[PDB]
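K.L.:
Have a peek at work_24.txt (compact mmCIF, N, CA and C atoms).
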# COMPACT_ATOMS: atom_id res chain seq x y z
N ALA D 320 14.95 -0.30 -12.19
CA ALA D 320 14.30 -0.68 -10.94
C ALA D 320 13.83 0.55 -10.17
N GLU D 321 12.54 0.60 -9.86
CA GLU D 321 11.93 1.69 -9.10
C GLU D 321 11.41 1.13 -7.78
N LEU D 322 12.05 1.50 -6.67
CA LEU D 322 11.58 1.13 -5.34
C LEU D 322 10.84 2.33 -4.77
N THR D 323 9.52 2.34 -4.96
CA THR D 323 8.70 3.46 -4.53
C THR D 323 8.82 3.67 -3.02
N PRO D 324 9.34 4.81 -2.55
CA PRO D 324 9.47 5.01 -1.11
C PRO D 324 8.18 5.53 -0.50
N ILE D 325 7.40 4.65 0.11
CA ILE D 325 6.14 5.07 0.71
C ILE D 325 6.39 5.97 1.91
N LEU D 326 7.40 5.64 2.70
CA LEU D 326 7.85 6.47 3.82
C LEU D 326 9.35 6.68 3.63
N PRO D 327 10.07 7.22 4.62
CA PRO D 327 11.53 7.26 4.50
C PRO D 327 12.18 5.90 4.74
N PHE D 328 11.57 5.07 5.59
CA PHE D 328 12.11 3.77 5.94
C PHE D 328 11.36 2.62 5.28
N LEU D 329 10.49 2.91 4.32
CA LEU D 329 9.58 1.92 3.76
C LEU D 329 9.59 2.05 2.24
N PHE D 330 9.86 0.93 1.56
CA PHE D 330 9.93 0.91 0.11
C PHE D 330 9.05 -0.23 -0.41
N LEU D 331 8.23 0.08 -1.40
CA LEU D 331 7.38 -0.90 -2.06
C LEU D 331 7.99 -1.23 -3.42
N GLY D 332 7.91 -2.50 -3.81
CA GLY D 332 8.52 -2.91 -5.05
C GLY D 332 7.87 -4.12 -5.68
N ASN D 333 8.57 -4.71 -6.63
CA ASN D 333 8.07 -5.87 -7.36
C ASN D 333 9.15 -6.94 -7.40
N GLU D 334 8.93 -7.98 -8.19
CA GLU D 334 9.91 -9.06 -8.30
C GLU D 334 11.30 -8.53 -8.65
N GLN D 335 11.38 -7.69 -9.69
CA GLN D 335 12.70 -7.28 -10.18
C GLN D 335 13.43 -6.38 -9.20
N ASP D 336 12.71 -5.54 -8.46
CA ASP D 336 13.38 -4.54 -7.63
C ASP D 336 14.21 -5.18 -6.53
N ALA D 337 13.76 -6.31 -5.98
CA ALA D 337 14.52 -6.98 -4.94
C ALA D 337 15.82 -7.57 -5.47
N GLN D 338 15.94 -7.76 -6.78
CA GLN D 338 17.17 -8.27 -7.37
C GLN D 338 18.23 -7.20 -7.54
N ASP D 339 17.83 -5.93 -7.60
CA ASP D 339 18.76 -4.81 -7.80
C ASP D 339 19.47 -4.55 -6.47
N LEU D 340 20.52 -5.33 -6.23
CA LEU D 340 21.22 -5.25 -4.95
C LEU D 340 21.94 -3.92 -4.79
N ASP D 341 22.57 -3.43 -5.85
CA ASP D 341 23.22 -2.12 -5.79
C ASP D 341 22.24 -1.06 -5.30
N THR D 342 21.05 -1.01 -5.89
CA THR D 342 20.04 -0.03 -5.48
C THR D 342 19.72 -0.16 -4.00
N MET D 343 19.48 -1.39 -3.53
CA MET D 343 19.07 -1.59 -2.15
C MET D 343 20.17 -1.19 -1.17
N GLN D 344 21.43 -1.29 -1.58
CA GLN D 344 22.53 -0.97 -0.68
C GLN D 344 22.72 0.53 -0.53
N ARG D 345 22.36 1.29 -1.57
CA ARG D 345 22.36 2.74 -1.49
C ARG D 345 21.26 3.24 -0.55
N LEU D 346 20.10 2.58 -0.56
CA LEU D 346 18.99 2.97 0.30
C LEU D 346 19.16 2.51 1.74
N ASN D 347 20.27 1.84 2.06
CA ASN D 347 20.53 1.35 3.42
C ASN D 347 19.44 0.40 3.90
N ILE D 348 18.82 -0.33 2.97
CA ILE D 348 17.84 -1.34 3.35
C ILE D 348 18.55 -2.44 4.12
N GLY D 349 17.99 -2.82 5.26
CA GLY D 349 18.55 -3.89 6.06
C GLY D 349 17.52 -4.93 6.43
N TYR D 350 16.33 -4.80 5.85
CA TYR D 350 15.21 -5.70 6.11
C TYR D 350 14.42 -5.88 4.82
N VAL D 351 13.95 -7.10 4.59
CA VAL D 351 13.24 -7.42 3.35
C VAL D 351 12.07 -8.35 3.67
N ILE D 352 10.93 -8.10 3.03
CA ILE D 352 9.73 -8.90 3.21
C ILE D 352 9.27 -9.39 1.85
N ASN D 353 9.24 -10.71 1.66
CA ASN D 353 8.84 -11.33 0.41
C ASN D 353 7.43 -11.89 0.57
N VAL D 354 6.45 -11.20 -0.02
CA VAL D 354 5.05 -11.60 0.11
C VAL D 354 4.65 -12.48 -1.06
N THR D 355 5.44 -13.52 -1.33
CA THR D 355 5.09 -14.52 -2.33
C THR D 355 5.46 -15.90 -1.80
N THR D 356 4.90 -16.93 -2.45
CA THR D 356 5.20 -18.31 -2.09
C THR D 356 6.36 -18.88 -2.90
N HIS D 357 6.54 -18.44 -4.15
CA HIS D 357 7.48 -19.08 -5.06
C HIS D 357 8.74 -18.28 -5.34
N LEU D 358 8.71 -16.96 -5.19
CA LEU D 358 9.91 -16.18 -5.45
C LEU D 358 10.98 -16.53 -4.42
N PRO D 359 12.25 -16.46 -4.81
CA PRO D 359 13.33 -16.69 -3.85
C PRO D 359 13.56 -15.47 -2.97
N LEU D 360 14.28 -15.69 -1.88
CA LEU D 360 14.81 -14.58 -1.09
C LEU D 360 16.10 -14.15 -1.78
N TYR D 361 15.99 -13.16 -2.67
CA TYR D 361 17.15 -12.72 -3.42
C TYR D 361 18.24 -12.23 -2.47
N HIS D 362 19.48 -12.65 -2.72
CA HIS D 362 20.64 -12.22 -1.96
C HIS D 362 20.65 -12.79 -0.55
N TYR D 363 19.93 -13.90 -0.33
CA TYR D 363 19.88 -14.52 0.99
C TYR D 363 21.26 -15.01 1.41
N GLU D 364 21.95 -15.71 0.51
CA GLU D 364 23.22 -16.33 0.85
C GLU D 364 24.31 -15.32 1.17
N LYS D 365 24.16 -14.08 0.70
CA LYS D 365 25.19 -13.06 0.90
C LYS D 365 25.26 -12.58 2.34
N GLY D 366 24.23 -12.87 3.15
CA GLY D 366 24.24 -12.46 4.54
C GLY D 366 24.02 -10.98 4.76
N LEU D 367 23.43 -10.29 3.78
CA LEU D 367 23.38 -8.83 3.83
C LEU D 367 22.21 -8.33 4.67
N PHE D 368 21.02 -8.88 4.47
CA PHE D 368 19.82 -8.38 5.13
C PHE D 368 19.18 -9.46 5.99
N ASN D 369 18.27 -9.03 6.87
CA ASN D 369 17.33 -9.94 7.52
C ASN D 369 16.09 -10.08 6.64
N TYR D 370 15.47 -11.26 6.68
CA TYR D 370 14.41 -11.61 5.76
C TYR D 370 13.17 -12.09 6.51
N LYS D 371 12.01 -11.82 5.92
CA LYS D 371 10.73 -12.34 6.41
C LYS D 371 9.86 -12.66 5.20
N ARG D 372 9.41 -13.91 5.10
CA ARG D 372 8.56 -14.34 4.00
C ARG D 372 7.12 -14.44 4.48
N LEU D 373 6.22 -13.76 3.78
CA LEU D 373 4.78 -13.89 4.00
C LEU D 373 4.22 -14.72 2.87
N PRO D 374 4.31 -16.06 2.94
CA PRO D 374 3.96 -16.89 1.78
C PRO D 374 2.49 -16.81 1.42
N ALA D 375 2.16 -15.93 0.47
CA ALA D 375 0.79 -15.69 0.06
C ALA D 375 0.70 -15.70 -1.46
N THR D 376 -0.53 -15.79 -1.95
CA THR D 376 -0.81 -15.80 -3.38
C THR D 376 -1.78 -14.68 -3.71
N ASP D 377 -1.65 -14.13 -4.92
CA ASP D 377 -2.50 -13.04 -5.38
C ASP D 377 -3.84 -13.61 -5.87
N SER D 378 -4.54 -14.25 -4.95
CA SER D 378 -5.79 -14.95 -5.21
C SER D 378 -6.93 -14.29 -4.45
N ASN D 379 -8.15 -14.73 -4.73
CA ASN D 379 -9.33 -14.18 -4.09
C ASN D 379 -9.65 -14.85 -2.76
N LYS D 380 -8.91 -15.89 -2.39
CA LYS D 380 -9.11 -16.58 -1.13
C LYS D 380 -7.96 -16.38 -0.15
N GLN D 381 -6.83 -15.85 -0.62
CA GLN D 381 -5.67 -15.68 0.24
C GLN D 381 -5.98 -14.72 1.37
N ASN D 382 -5.58 -15.10 2.59
CA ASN D 382 -5.75 -14.26 3.76
C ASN D 382 -4.42 -13.57 4.06
N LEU D 383 -4.35 -12.27 3.78
CA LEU D 383 -3.21 -11.46 4.17
C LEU D 383 -3.36 -10.89 5.58
N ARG D 384 -4.60 -10.77 6.06
CA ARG D 384 -4.85 -10.18 7.37
C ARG D 384 -4.14 -10.93 8.48
N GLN D 385 -3.95 -12.24 8.33
CA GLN D 385 -3.23 -12.99 9.36
C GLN D 385 -1.80 -12.46 9.50
N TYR D 386 -1.17 -12.11 8.39
CA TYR D 386 0.20 -11.63 8.42
C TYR D 386 0.31 -10.16 8.79
N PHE D 387 -0.81 -9.44 8.90
CA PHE D 387 -0.76 -8.01 9.17
C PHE D 387 0.13 -7.71 10.37
N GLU D 388 -0.20 -8.31 11.52
CA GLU D 388 0.53 -7.98 12.74
C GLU D 388 1.96 -8.50 12.68
N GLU D 389 2.17 -9.67 12.07
CA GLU D 389 3.52 -10.21 11.95
C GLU D 389 4.43 -9.27 11.17
N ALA D 390 3.92 -8.69 10.08
CA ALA D 390 4.76 -7.82 9.26
C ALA D 390 4.94 -6.44 9.89
N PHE D 391 3.92 -5.93 10.58
CA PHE D 391 4.08 -4.66 11.28
C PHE D 391 5.26 -4.72 12.24
N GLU D 392 5.47 -5.87 12.89
CA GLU D 392 6.58 -6.00 13.83
C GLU D 392 7.92 -5.90 13.12
N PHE D 393 8.04 -6.51 11.93
CA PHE D 393 9.27 -6.44 11.16
C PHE D 393 9.59 -5.01 10.75
N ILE D 394 8.56 -4.20 10.54
CA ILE D 394 8.74 -2.81 10.12
C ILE D 394 9.10 -1.93 11.31
N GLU D 395 8.56 -2.21 12.49
CA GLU D 395 8.91 -1.46 13.68
C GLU D 395 10.26 -1.87 14.25
N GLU D 396 10.71 -3.10 13.97
CA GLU D 396 12.08 -3.47 14.27
C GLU D 396 13.06 -2.71 13.39
N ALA D 397 12.67 -2.41 12.15
CA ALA D 397 13.54 -1.64 11.27
C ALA D 397 13.58 -0.18 11.70
N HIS D 398 12.42 0.39 12.03
CA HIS D 398 12.36 1.78 12.48
C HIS D 398 13.07 1.95 13.82
N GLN D 399 12.85 1.02 14.76
CA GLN D 399 13.55 1.07 16.03
C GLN D 399 15.04 0.79 15.89
N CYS D 400 15.45 0.10 14.82
CA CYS D 400 16.85 -0.22 14.57
C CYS D 400 17.45 0.62 13.46
N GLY D 401 16.76 1.69 13.05
CA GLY D 401 17.31 2.64 12.10
C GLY D 401 17.81 2.01 10.81
N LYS D 402 16.92 1.30 10.12
CA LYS D 402 17.27 0.61 8.89
C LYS D 402 16.09 0.64 7.93
N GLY D 403 16.39 0.67 6.64
CA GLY D 403 15.36 0.60 5.63
C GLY D 403 14.74 -0.78 5.54
N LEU D 404 13.59 -0.85 4.87
CA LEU D 404 12.88 -2.11 4.72
C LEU D 404 12.11 -2.10 3.41
N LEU D 405 12.30 -3.14 2.61
CA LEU D 405 11.66 -3.29 1.31
C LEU D 405 10.70 -4.47 1.36
N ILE D 406 9.41 -4.19 1.17
CA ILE D 406 8.40 -5.23 0.99
C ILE D 406 8.06 -5.31 -0.49
N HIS D 407 8.11 -6.52 -1.04
CA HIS D 407 7.87 -6.73 -2.46
C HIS D 407 7.08 -8.01 -2.66
N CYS D 408 6.19 -8.00 -3.65
CA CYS D 408 5.51 -9.23 -4.07
C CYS D 408 5.90 -9.45 -5.53
N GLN D 409 4.94 -9.46 -6.45
CA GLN D 409 5.23 -9.57 -7.87
C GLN D 409 4.49 -8.47 -8.63
N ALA D 410 5.14 -7.95 -9.66
CA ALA D 410 4.50 -7.10 -10.66
C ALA D 410 3.46 -6.15 -10.10
N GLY D 411 2.19 -6.55 -10.14
CA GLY D 411 1.09 -5.65 -9.84
C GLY D 411 1.04 -5.10 -8.43
N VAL D 412 1.96 -5.57 -7.57
CA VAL D 412 2.03 -5.18 -6.17
C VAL D 412 0.65 -5.19 -5.53
N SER D 413 -0.15 -6.21 -5.84
CA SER D 413 -1.45 -6.35 -5.20
C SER D 413 -1.29 -6.75 -3.74
N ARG D 414 -0.53 -7.82 -3.50
CA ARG D 414 -0.32 -8.31 -2.14
C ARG D 414 0.50 -7.32 -1.32
N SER D 415 1.69 -6.97 -1.82
CA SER D 415 2.61 -6.16 -1.03
C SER D 415 2.02 -4.80 -0.68
N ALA D 416 1.19 -4.24 -1.56
CA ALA D 416 0.60 -2.94 -1.28
C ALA D 416 -0.48 -3.03 -0.21
N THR D 417 -1.22 -4.14 -0.18
CA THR D 417 -2.25 -4.31 0.84
C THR D 417 -1.65 -4.25 2.24
N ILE D 418 -0.52 -4.91 2.44
CA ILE D 418 0.13 -4.89 3.75
C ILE D 418 0.65 -3.49 4.05
N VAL D 419 1.17 -2.80 3.04
CA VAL D 419 1.67 -1.44 3.24
C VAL D 419 0.53 -0.53 3.69
N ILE D 420 -0.57 -0.52 2.93
CA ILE D 420 -1.72 0.30 3.29
C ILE D 420 -2.17 -0.02 4.71
N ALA D 421 -2.11 -1.29 5.10
CA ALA D 421 -2.55 -1.68 6.43
C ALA D 421 -1.60 -1.16 7.50
N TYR D 422 -0.29 -1.15 7.22
CA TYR D 422 0.64 -0.58 8.19
C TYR D 422 0.30 0.88 8.48
N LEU D 423 -0.13 1.62 7.46
CA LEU D 423 -0.49 3.01 7.65
C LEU D 423 -1.80 3.15 8.43
N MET D 424 -2.70 2.18 8.30
CA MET D 424 -3.96 2.28 9.03
C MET D 424 -3.77 2.08 10.52
N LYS D 425 -2.82 1.22 10.91
CA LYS D 425 -2.68 0.82 12.30
C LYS D 425 -1.86 1.82 13.11
N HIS D 426 -0.82 2.41 12.51
CA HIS D 426 0.13 3.23 13.26
C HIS D 426 0.11 4.70 12.88
N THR D 427 -0.83 5.13 12.04
CA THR D 427 -0.73 6.45 11.43
C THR D 427 -2.00 7.27 11.49
N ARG D 428 -3.05 6.78 12.13
CA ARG D 428 -4.27 7.57 12.31
C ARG D 428 -4.96 7.83 10.97
N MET D 429 -4.46 7.29 9.86
CA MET D 429 -5.09 7.49 8.57
C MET D 429 -6.24 6.50 8.40
N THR D 430 -7.21 6.88 7.57
CA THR D 430 -8.28 5.97 7.22
C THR D 430 -7.80 4.97 6.17
N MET D 431 -8.63 3.96 5.91
CA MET D 431 -8.31 3.01 4.84
C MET D 431 -8.28 3.72 3.49
N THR D 432 -9.26 4.59 3.24
CA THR D 432 -9.32 5.30 1.97
C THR D 432 -8.16 6.28 1.84
N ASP D 433 -7.86 7.03 2.90
CA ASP D 433 -6.75 7.97 2.84
C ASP D 433 -5.43 7.23 2.60
N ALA D 434 -5.21 6.14 3.33
CA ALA D 434 -3.96 5.40 3.17
C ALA D 434 -3.90 4.70 1.82
N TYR D 435 -5.03 4.20 1.33
CA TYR D 435 -5.01 3.52 0.03
C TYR D 435 -4.54 4.47 -1.07
N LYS D 436 -5.04 5.71 -1.07
CA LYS D 436 -4.68 6.64 -2.12
C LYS D 436 -3.34 7.31 -1.88
N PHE D 437 -2.86 7.34 -0.63
CA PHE D 437 -1.48 7.75 -0.39
C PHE D 437 -0.51 6.84 -1.12
N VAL D 438 -0.69 5.52 -0.96
CA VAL D 438 0.17 4.57 -1.65
C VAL D 438 -0.11 4.57 -3.14
N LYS D 439 -1.37 4.77 -3.53
CA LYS D 439 -1.70 4.81 -4.95
C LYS D 439 -1.02 5.99 -5.64
N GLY D 440 -0.91 7.12 -4.93
CA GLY D 440 -0.28 8.29 -5.53
C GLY D 440 1.21 8.09 -5.78
N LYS D 441 1.89 7.43 -4.85
CA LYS D 441 3.33 7.21 -5.00
C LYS D 441 3.62 6.10 -6.00
N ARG D 442 2.94 4.97 -5.89
CA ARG D 442 3.00 3.94 -6.92
C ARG D 442 1.65 3.88 -7.63
N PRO D 443 1.55 4.29 -8.89
CA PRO D 443 0.24 4.28 -9.56
C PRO D 443 -0.25 2.89 -9.89
N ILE D 444 0.65 1.91 -9.98
CA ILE D 444 0.27 0.57 -10.43
C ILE D 444 -0.46 -0.23 -9.36
N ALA D 445 -0.49 0.26 -8.12
CA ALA D 445 -1.10 -0.49 -7.03
C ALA D 445 -2.55 -0.83 -7.35
N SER D 446 -2.87 -2.12 -7.29
CA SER D 446 -4.23 -2.60 -7.56
C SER D 446 -4.52 -3.81 -6.67
N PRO D 447 -4.64 -3.59 -5.36
CA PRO D 447 -5.09 -4.68 -4.48
C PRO D 447 -6.41 -5.26 -4.94
N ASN D 448 -6.48 -6.59 -4.97
CA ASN D 448 -7.71 -7.24 -5.38
C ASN D 448 -8.80 -7.05 -4.33
N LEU D 449 -10.05 -7.24 -4.75
CA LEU D 449 -11.17 -6.95 -3.86
C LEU D 449 -11.15 -7.82 -2.62
N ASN D 450 -10.62 -9.04 -2.72
CA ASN D 450 -10.45 -9.86 -1.52
C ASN D 450 -9.54 -9.17 -0.52
N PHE D 451 -8.42 -8.62 -0.99
CA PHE D 451 -7.55 -7.85 -0.11
C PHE D 451 -8.20 -6.54 0.31
N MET D 452 -8.99 -5.93 -0.57
CA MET D 452 -9.64 -4.67 -0.23
C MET D 452 -10.71 -4.86 0.84
N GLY D 453 -11.41 -6.00 0.81
CA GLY D 453 -12.37 -6.29 1.86
C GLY D 453 -11.70 -6.50 3.20
N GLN D 454 -10.56 -7.19 3.21
CA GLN D 454 -9.79 -7.32 4.44
C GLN D 454 -9.37 -5.96 4.97
N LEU D 455 -8.90 -5.08 4.08
CA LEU D 455 -8.49 -3.74 4.49
C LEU D 455 -9.66 -2.96 5.07
N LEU D 456 -10.83 -3.06 4.45
CA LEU D 456 -12.01 -2.39 4.98
C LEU D 456 -12.42 -2.99 6.33
N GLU D 457 -12.28 -4.31 6.48
CA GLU D 457 -12.58 -4.96 7.75
C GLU D 457 -11.54 -4.64 8.81
N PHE D 458 -10.28 -4.43 8.40
CA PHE D 458 -9.26 -4.01 9.36
C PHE D 458 -9.52 -2.60 9.85
N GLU D 459 -10.03 -1.72 8.99
CA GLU D 459 -10.45 -0.40 9.44
C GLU D 459 -11.53 -0.52 10.51
N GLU D 460 -12.63 -1.21 10.18
CA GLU D 460 -13.74 -1.32 11.12
C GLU D 460 -13.27 -1.92 12.44
N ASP D 461 -12.43 -2.96 12.38
CA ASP D 461 -11.86 -3.53 13.60
C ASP D 461 -11.11 -2.46 14.39
N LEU D 462 -10.10 -1.85 13.76
CA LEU D 462 -9.31 -0.82 14.44
C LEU D 462 -10.19 0.27 15.03
N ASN D 463 -11.28 0.63 14.34
CA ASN D 463 -12.17 1.67 14.86
C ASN D 463 -12.99 1.18 16.04
N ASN D 464 -13.24 -0.13 16.13
CA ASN D 464 -13.98 -0.72 17.23
C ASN D 464 -13.09 -1.06 18.42
N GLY D 465 -11.99 -0.33 18.60
CA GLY D 465 -11.06 -0.63 19.67
C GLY D 465 -10.30 -1.92 19.48
N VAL D 466 -10.11 -2.36 18.24
CA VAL D 466 -9.42 -3.61 17.96
C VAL D 466 -8.14 -3.33 17.17
Translate the structure described by the file into structure tokens.
P.N.:
Amino acid sequence: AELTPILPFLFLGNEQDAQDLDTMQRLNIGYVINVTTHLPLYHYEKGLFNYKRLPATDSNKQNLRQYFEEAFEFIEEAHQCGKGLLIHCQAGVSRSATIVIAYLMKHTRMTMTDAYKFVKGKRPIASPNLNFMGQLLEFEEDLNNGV
């Protein structure tokens, strides 16, 4: 299991990485975001972490932009509460990486292109679909227009 640490408090992963509970406990993760509709909240019953589900699909019509602001709050609650946070979708990390790249665009002064390749460098498998990439490009233009 490889939980790519995009920041010190931010980890990107896939289906399997959220199951590696030993790994997550070493990283002091206390927050988890499941960006899928069908995967379970692994380790939910254990009472270990707080959870947030962004029920989305790796499709060309799925709107992740709606969840952008909702997930940013979960990440700033972790940073303000001094705890790690793992966002994971499935395999190709198309969905989960789009939200990560967007978190960097809103709070980090980075461009969409700069942030996209920052995450691409740490996790090479990142391949947000063009539907998600258009949202990311539109989120840049919005943010640049005082939005």
K.L.:
Between CA of residue 415 (chain D) and CA of residue 464 (chain D), what is the distance, to one decimal in Å?
P.N.:
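These two atoms are separated by 25.3 Å.
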K.L.:
As an MDAnalysis selection string, please: the residues near region 363-375 of chain D (cut-off 6 Å, only C-alpha atoms, same-chain neighbours under 5 positions excluded).
P.N.:
chainID D and resid 349:356
K.L.:
Using Å and a single decimal, report how far CA of residue 404 (chain D) sits from CA of residue 347 (chain D).
P.N.:
8.5 Å
K.L.:
Fewer than 2 positions away in the same chain doesn't count, so skip those; otherwise give me all residues within 7 Å of residue 333 (chain D), counting only N, CA and C atoms, as a PyMOL selection string.
P.N.:
chain D and resi 321-322+331+335-338+406-412
K.L.:
For the residues in that selection, give me N, CA and C atoms as a tab-separated table (two decimals), in the coordinates of the input.
P.N.:
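Okay, again-v3.tsv is ready:
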chain	number	residue	atom	x	y	z
D	321	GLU	N	12.54	0.60	-9.86
D	321	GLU	CA	11.93	1.69	-9.10
D	321	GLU	C	11.41	1.13	-7.78
D	322	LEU	N	12.05	1.50	-6.67
D	322	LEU	CA	11.58	1.13	-5.34
D	322	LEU	C	10.84	2.33	-4.77
D	331	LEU	N	8.23	0.08	-1.40
D	331	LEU	CA	7.38	-0.90	-2.06
D	331	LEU	C	7.99	-1.23	-3.42
D	335	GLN	N	11.38	-7.69	-9.69
D	335	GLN	CA	12.70	-7.28	-10.18
D	335	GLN	C	13.43	-6.38	-9.20
D	336	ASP	N	12.71	-5.54	-8.46
D	336	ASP	CA	13.38	-4.54	-7.63
D	336	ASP	C	14.21	-5.18	-6.53
D	337	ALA	N	13.76	-6.31	-5.98
D	337	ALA	CA	14.52	-6.98	-4.94
D	337	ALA	C	15.82	-7.57	-5.47
D	338	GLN	N	15.94	-7.76	-6.78
D	338	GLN	CA	17.17	-8.27	-7.37
D	338	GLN	C	18.23	-7.20	-7.54
D	406	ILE	N	9.41	-4.19	1.17
D	406	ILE	CA	8.40	-5.23	0.99
D	406	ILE	C	8.06	-5.31	-0.49
D	407	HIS	N	8.11	-6.52	-1.04
D	407	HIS	CA	7.87	-6.73	-2.46
D	407	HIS	C	7.08	-8.01	-2.66
D	408	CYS	N	6.19	-8.00	-3.65
D	408	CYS	CA	5.51	-9.23	-4.07
D	408	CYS	C	5.90	-9.45	-5.53
D	409	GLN	N	4.94	-9.46	-6.45
D	409	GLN	CA	5.23	-9.57	-7.87
D	409	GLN	C	4.49	-8.47	-8.63
D	410	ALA	N	5.14	-7.95	-9.66
D	410	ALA	CA	4.50	-7.10	-10.66
D	410	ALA	C	3.46	-6.15	-10.10
D	411	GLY	N	2.19	-6.55	-10.14
D	411	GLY	CA	1.09	-5.65	-9.84
D	411	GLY	C	1.04	-5.10	-8.43
D	412	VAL	N	1.96	-5.57	-7.57
D	412	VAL	CA	2.03	-5.18	-6.17
D	412	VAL	C	0.65	-5.19	-5.53
K.L.:
DSSP on the backbone: what in chain D comes out strand (DSSP E), as number ranges by chain?
P.N.:
D: 323-324, 329-332, 348-353, 369-372, 403-407
K.L.:
Include N, CA and C atoms and write out the residues we just selected as a PDB file, in the frame of the given file.
P.N.:
ATOM      1  N   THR D 323       9.520   2.340  -4.960  1.00  0.00           N
ATOM      2  CA  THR D 323       8.700   3.460  -4.530  1.00  0.00           C
ATOM      3  C   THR D 323       8.820   3.670  -3.020  1.00  0.00           C
ATOM      4  N   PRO D 324       9.340   4.810  -2.550  1.00  0.00           N
ATOM      5  CA  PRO D 324       9.470   5.010  -1.110  1.00  0.00           C
ATOM      6  C   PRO D 324       8.180   5.530  -0.500  1.00  0.00           C
ATOM      7  N   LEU D 329      10.490   2.910   4.320  1.00  0.00           N
ATOM      8  CA  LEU D 329       9.580   1.920   3.760  1.00  0.00           C
ATOM      9  C   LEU D 329       9.590   2.050   2.240  1.00  0.00           C
ATOM     10  N   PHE D 330       9.860   0.930   1.560  1.00  0.00           N
ATOM     11  CA  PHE D 330       9.930   0.910   0.110  1.00  0.00           C
ATOM     12  C   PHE D 330       9.050  -0.230  -0.410  1.00  0.00           C
ATOM     13  N   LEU D 331       8.230   0.080  -1.400  1.00  0.00           N
ATOM     14  CA  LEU D 331       7.380  -0.900  -2.060  1.00  0.00           C
ATOM     15  C   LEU D 331       7.990  -1.230  -3.420  1.00  0.00           C
ATOM     16  N   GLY D 332       7.910  -2.500  -3.810  1.00  0.00           N
ATOM     17  CA  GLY D 332       8.520  -2.910  -5.050  1.00  0.00           C
ATOM     18  C   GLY D 332       7.870  -4.120  -5.680  1.00  0.00           C
ATOM     19  N   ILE D 348      18.820  -0.330   2.970  1.00  0.00           N
ATOM     20  CA  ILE D 348      17.840  -1.340   3.350  1.00  0.00           C
ATOM     21  C   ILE D 348      18.550  -2.440   4.120  1.00  0.00           C
ATOM     22  N   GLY D 349      17.990  -2.820   5.260  1.00  0.00           N
ATOM     23  CA  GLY D 349      18.550  -3.890   6.060  1.00  0.00           C
ATOM     24  C   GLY D 349      17.520  -4.930   6.430  1.00  0.00           C
ATOM     25  N   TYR D 350      16.330  -4.800   5.850  1.00  0.00           N
ATOM     26  CA  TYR D 350      15.210  -5.700   6.110  1.00  0.00           C
ATOM     27  C   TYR D 350      14.420  -5.880   4.820  1.00  0.00           C
ATOM     28  N   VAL D 351      13.950  -7.100   4.590  1.00  0.00           N
ATOM     29  CA  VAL D 351      13.240  -7.420   3.350  1.00  0.00           C
ATOM     30  C   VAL D 351      12.070  -8.350   3.670  1.00  0.00           C
ATOM     31  N   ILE D 352      10.930  -8.100   3.030  1.00  0.00           N
ATOM     32  CA  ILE D 352       9.730  -8.900   3.210  1.00  0.00           C
ATOM     33  C   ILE D 352       9.270  -9.390   1.850  1.00  0.00           C
ATOM     34  N   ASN D 353       9.240 -10.710   1.660  1.00  0.00           N
ATOM     35  CA  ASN D 353       8.840 -11.330   0.410  1.00  0.00           C
ATOM     36  C   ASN D 353       7.430 -11.890   0.570  1.00  0.00           C
ATOM     37  N   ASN D 369      18.270  -9.030   6.870  1.00  0.00           N
ATOM     38  CA  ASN D 369      17.330  -9.940   7.520  1.00  0.00           C
ATOM     39  C   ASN D 369      16.090 -10.080   6.640  1.00  0.00           C
ATOM     40  N   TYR D 370      15.470 -11.260   6.680  1.00  0.00           N
ATOM     41  CA  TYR D 370      14.410 -11.610   5.760  1.00  0.00           C
ATOM     42  C   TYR D 370      13.170 -12.090   6.510  1.00  0.00           C
ATOM     43  N   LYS D 371      12.010 -11.820   5.920  1.00  0.00           N
ATOM     44  CA  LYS D 371      10.730 -12.340   6.410  1.00  0.00           C
ATOM     45  C   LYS D 371       9.860 -12.660   5.200  1.00  0.00           C
ATOM     46  N   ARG D 372       9.410 -13.910   5.100  1.00  0.00           N
ATOM     47  CA  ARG D 372       8.560 -14.340   4.000  1.00  0.00           C
ATOM     48  C   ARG D 372       7.120 -14.440   4.480  1.00  0.00           C
ATOM     49  N   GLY D 403      16.390   0.670   6.640  1.00  0.00           N
ATOM     50  CA  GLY D 403      15.360   0.600   5.630  1.00  0.00           C
ATOM     51  C   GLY D 403      14.740  -0.780   5.540  1.00  0.00           C
ATOM     52  N   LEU D 404      13.590  -0.850   4.870  1.00  0.00           N
ATOM     53  CA  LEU D 404      12.880  -2.110   4.720  1.00  0.00           C
ATOM     54  C   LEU D 404      12.110  -2.100   3.410  1.00  0.00           C
ATOM     55  N   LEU D 405      12.300  -3.140   2.610  1.00  0.00           N
ATOM     56  CA  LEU D 405      11.660  -3.290   1.310  1.00  0.00           C
ATOM     57  C   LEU D 405      10.700  -4.470   1.360  1.00  0.00           C
ATOM     58  N   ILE D 406       9.410  -4.190   1.170  1.00  0.00           N
ATOM     59  CA  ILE D 406       8.400  -5.230   0.990  1.00  0.00           C
ATOM     60  C   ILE D 406       8.060  -5.310  -0.490  1.00  0.00           C
ATOM     61  N   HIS D 407       8.110  -6.520  -1.040  1.00  0.00           N
ATOM     62  CA  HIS D 407       7.870  -6.730  -2.460  1.00  0.00           C
ATOM     63  C   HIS D 407       7.080  -8.010  -2.660  1.00  0.00           C
TER      64      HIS D 407
END
K.L.:
Just the residues within 7 Å of residue 346 (chain D), please, counting all atoms listed in the file, with nothing from its chain fewer than 4 positions along; format it as a VMD selection string.
P.N.:
chain D and resid 341 to 342 403
K.L.:
With only C-alpha atoms as the atoms that count, which of D:362, D:425, D:439, D:345 lies nearest to residue 390 (chain D)?
P.N.:
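Of all the options, D:425 lies closest to residue 390 (chain D).
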K.L.:
Which residue, D:393, D:328, D:437, D:387, has the smallest gap to residue 455 (chain D) when you use only C-alpha atoms?
P.N.:
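The shortest atom-to-atom distance to residue 455 (chain D) comes from D:387.
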K.L.:
Excluding residue 378 (chain D) and its own-chain neighbours fewer than 3 positions away, which residues fall within 8 Å of it when counting all atoms listed in the file? Please give them as a ChimeraX atom specification.
P.N.:
/D:375,381-382,414,448-451
